[PDB]
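# Structural features, examined
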Amino acid sequence: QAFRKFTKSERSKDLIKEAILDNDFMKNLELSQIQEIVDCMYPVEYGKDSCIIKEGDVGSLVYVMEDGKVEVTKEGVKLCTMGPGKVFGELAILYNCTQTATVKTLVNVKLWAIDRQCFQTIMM
């Protein structure tokens, strides 16, 4: 039952909650689960032109964008761009499978990540 609270700003808590409630796979979580996810999220930064996750890789974190923009690609096609308040990486963890798409930064990016063990603890 791995878990750890990371102290963060009120704006960041609101951003994580908005991202959860905006995603069809996550938006029906109980309030207690939403808060546990908020608490277990920790900050990560990736410089511009950096792959966050690559298609075909095993999942390790669930990500919520905080600042900057990422491009999601598959088979060399831009699927979309993702800015603040968007979740990604949850499917690989929820369905214990590899990443369907690559996510690469277009500019310097800040995001919130939750370790798969903590996400698994909360979903249980």
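Residues numbered from 1 in each chain as written, not as in the entry; some residues may be left out. Heavy atoms only, no water. Residues with missing side-chain atoms left out of burial classes, pairs and counts.

Structure determination for this entry, per the PDB record, employed X-ray crystallography and reached 1.26 Å resolution.

## Notes on the sheet that holds strand 6 (residues 87–88)
The test is simple: When DSSP locates at least two bridges between a pair of strands, those strands are taken to pair. Per the convention used, a helix needs a DSSP run of H or I reaching at least four residues, while a strand needs a run of E reaching at least two, with both numbered from the N terminus. Two residues qualify as a contact provided that any one of their heavy atoms is within 4.5 Å of a heavy atom in the partner residue. Only the stretch in contact is used when a helix axis is fitted, and all axes are lines through C-alpha atoms; the angle between N-to-C directions ranges over 0 to 180 degrees.
Strand order in this open sheet of 4 strands is 1-8-3-6, and the pairing throughout is antiparallel. What marks the edges here is a single partner per strand, and that holds for strand 1 (42–46) and strand 6. Along the sheet face, helix 4 (residues 116–123) touches strand 3 (61–67) and strand 8 (109–115) and points at about 55° away from the line of strand 8.

## So, the nonpolar core
So the rule is basically this: By nonpolar core is meant a set of buried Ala, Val, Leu, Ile, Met, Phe, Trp, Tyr and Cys residues that side-chain atoms within 4.5 Å join together. For every residue, the accessible area (1.4 Å probe, protein chains only) is compared with the maximum for its type, and the residue is labelled buried under 20%, exposed over 50%, or partly exposed between those bounds.
Judged by nonpolar contacts, the single largest core of 20 residues is most densely connected at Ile16, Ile20, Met26, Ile37, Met41, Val64 and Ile114. Within the residue set of this core, elements represented by two or more residues are helix 1 (10–21), helix 2 (31–40), strand 3, strand 8 and helix 4. Ignoring sequence-local partners within four residues, the contact set of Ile37 consists of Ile20, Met26, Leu29, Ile114 and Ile122. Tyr46, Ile53, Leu61 and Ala113 belong to the second-largest nonpolar core, a separate cluster that totals 16 residues.

## Focus: the packing of helix 1 against helix 2
A pair of packed helices is characterised by two quantities: the angle between their axes and the separation of those axes. Let me state the cut-off plainly: These descriptions rest on fixed angle ranges, namely under 35 degrees for roughly parallel, over 145 for roughly antiparallel, 65 to 115 for roughly perpendicular, and the rest for oblique. Should the near helix be turned anticlockwise from the far one by less than a right angle, the crossing is termed left-handed; should it be turned clockwise, right-handed. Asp, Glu, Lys and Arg are counted as charged, while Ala, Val, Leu, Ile, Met, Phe, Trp, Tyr, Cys and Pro are counted as nonpolar; the rest, among them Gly, fall into the polar class.
The interhelical angle for the contact between helix 1 and helix 2, taken along N-to-C directions, is 130°, at an axis separation of 10 Å. The orientation of helix 1 relative to helix 2 falls into the category oblique. Here the hand of the crossing between helix 1 and helix 2 comes out right-handed. For the pair formed by helix 1 and helix 2, the contact residues are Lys13, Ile16, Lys17, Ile20 and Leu21 on the first element and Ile34, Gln35, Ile37 and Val38 on the second. For the contact of helix 1 with helix 2, a count of residues per class yields 6 nonpolar, 1 polar and 2 charged.

## A look at the environment of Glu10
Assignment of secondary structure puts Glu10 in helix 1. Taking the C-alpha atoms as reference points, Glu10 and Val44, separated by 34 residues in sequence, lie 17 Å from one another.

## Structural notes on the state of the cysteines
Filter applied, for reference: Note that a disulfide, as used here, is simply two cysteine sulfur atoms within 2.5 Å.
With the rule as written, the count across this model stands at 1 disulfide. In this model, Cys40 is linked to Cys118 through a disulfide, with the two sulfur atoms separated by 2.1 Å. Disulfide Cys40-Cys118: torsion about the S-S bond near 120°, hence right-handed. Residue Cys40 is located in helix 2, and its partner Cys118 is located in helix 4; the two are separated by 78 residues in the primary sequence. Of the two residues examined, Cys40 and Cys118, each falls in the buried class. Counting only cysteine sulfurs, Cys80 is the nearest neighbor of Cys51, a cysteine outside any disulfide, at a range of 15 Å. Under the relative-accessibility criterion, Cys51 is labelled partly exposed at 45%.

## Examining the pattern of salt bridges
Note the cut-off: Salt bridges are defined as contacts in which a side-chain nitrogen from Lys or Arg sits within 4 Å of a carboxyl oxygen from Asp or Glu.
Under the definition given, this model contains 7 salt bridges. Here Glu66 makes a salt bridge to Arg11, at a shortest N to O gap of 3.0 Å. On the criterion of sequence distance, the pair formed by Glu66 in strand 3 and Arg11 in helix 1 is long-range, its members being 55 residues apart.

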